[PDB]
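In case you want the letters, here they are:
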Amino acid sequence: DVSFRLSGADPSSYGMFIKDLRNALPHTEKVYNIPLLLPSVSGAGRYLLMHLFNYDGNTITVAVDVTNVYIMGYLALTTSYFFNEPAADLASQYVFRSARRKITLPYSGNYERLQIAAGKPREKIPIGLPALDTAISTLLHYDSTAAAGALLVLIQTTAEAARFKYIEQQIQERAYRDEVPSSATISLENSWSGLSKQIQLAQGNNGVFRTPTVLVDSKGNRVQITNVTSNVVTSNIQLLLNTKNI
Ligand SMILES: *[C@@H]1O[C@H](CO)[C@@H](O[C@@H]2O[C@H](CO)[C@@H](O)[C@H](O)[C@H]2NC(C)=O)[C@H](O)[C@H]1NC(C)=O
Ligand SMILES: Cn1cnc2nc(N)[nH]c(=O)c21
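- Per the PDB entry, the chain carries the name rRNA N-glycosidase and comes from Momordica balsamina.
- The record deposited in the PDB is entitled "Crystal structure of the Ribosome inactivating protein complexed with methylated guanine".
- What UniProt records for the chain under Catalytic activity (unreviewed entry) is the sentence "Endohydrolysis of the N-glycosidic bond at one specific adenosine on the 28S rRNA."
- Check the Sequence similarities (unreviewed entry) section of the UniProt entry for the chain; it says "Belongs to the ribosome-inactivating protein family. Type 1 RIP subfamily."

Here it is as structure tokens:
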């Protein structure tokens, strides 16, 4: 299991937690030097448990699917909360079984559905470590509308940071001050799948992408990624969703 305590957290400890998270994910092979995530895994070994502690010491345990890094649900004291979707439901059979009651949230865990329930797109929700602290706080006591917002912050300050060096860096800059995400961040978040597929399709194609991937950069200018020599591939992305899942 991996743990992170917001109390006494600085950019450095966060970096270590995200490194720990990355190393918690299994993989047998690397593609162009980046860990390729497993196609599938059997039983309880498919889920990673994250223990998160807010500033006051309260905690929630989050269950993450190790083949994609998707959050499936979490535990607050004695109530387990799971997304309203098949995979999440499958996940309820191996984790948080000793919970007194299990609640199914009224939405599945994809950005589109979470942004609807939250009432705002993630362009306008501030993220950072202070926000993570709030997120944890908000999940300790049920409120489907509040949880949507908190989960959008949680998914990004953990899963998305794990997948992209850039996003981990964005969060370290927001260690004592929240700030809405840059469009580069949103763009990356949205391309993890495409990039993952294209970096794999370049393996028997001299490192050249079958189809170019379009992102928005630091400045907000539209850019095209056609090949693995790009910074995004050489230095940004840290995990690859196996094509068997796309
Ligand atoms: C692969 O991507 C690189 C960019 O990392 C392309 O780079 C060209 O050369 C410089 C720096 O590498 C770029 O800024 C230029 O805009 C590019 N000029 C060209 C040749 O178009 C490189 O071209 C790409 N190579 C491919 C497509 O195999
Ligand atoms: C990032 N992401 C996209 N779809 C997702 N679905 C779930 N359930 N959890 C996630 O973290 C997620």
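From this point, the narrative continues.
## A short note on unusual backbone geometry
Okay, step 1: Located in the positive-phi region is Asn33, a residue other than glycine, with phi close to 85°.
Okay, step 2: Relative to the helices and strands, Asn33 resides in the loop between strand 2 (30–31) and strand 3 (34–35).
Okay, step 3: A positive phi angle, close to 75°, is found at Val69, a residue other than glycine.
Okay, step 4: Note that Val69 resides in the loop between strand 5 (59–65) and strand 6 (70–76).
Okay, step 5: Residue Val69 is classed as buried on the basis of its relative accessible area of 2%.

## So, the site of ligand 2
Okay, step 1: Taken together, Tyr70, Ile71, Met72, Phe83, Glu85, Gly109, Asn110, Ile155, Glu160 and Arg163 make up all the residues around ligand 2.
Okay, step 2: Between ligand 2 and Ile71, the relevant distance is 2.9 Å, taken from a nitrogen atom to a main-chain nitrogen or oxygen of the residue.
Okay, step 3: A distance of 2.6 Å separates a nitrogen atom of ligand 2 from a polar side-chain atom of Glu85.
Okay, step 4: Mapped onto the shell around ligand 2, the elements with two or more residues apiece are strand 6 and helix 5 (144–163).
Okay, step 5: Residues that form the shell around ligand 2 fall into these classes: five nonpolar, two polar and three charged.

Criteria and thresholds
Residues numbered from 1 in each chain as written, not as in the entry; some residues may be left out. Chains lettered and ligands numbered in written order. Heavy atoms only, no water. UniProt positions renumbered as here; feature names shortened; annotations may be inferred. Helix = DSSP H or I, 4+ residues; strand = E, 2+ residues; numbered from the N terminus. Buried < 20%, exposed > 50% of the residue type's maximum accessible area, 1.4 Å probe, protein only. Near = heavy atom within 4 Å. Polar contact = N/O pair within 3.5 Å; in protein donor to acceptor, adjacent residues only side chain to side chain. Nonpolar A, V, L, I, M, F, W, Y, C, P; charged D, E, K, R; others polar.

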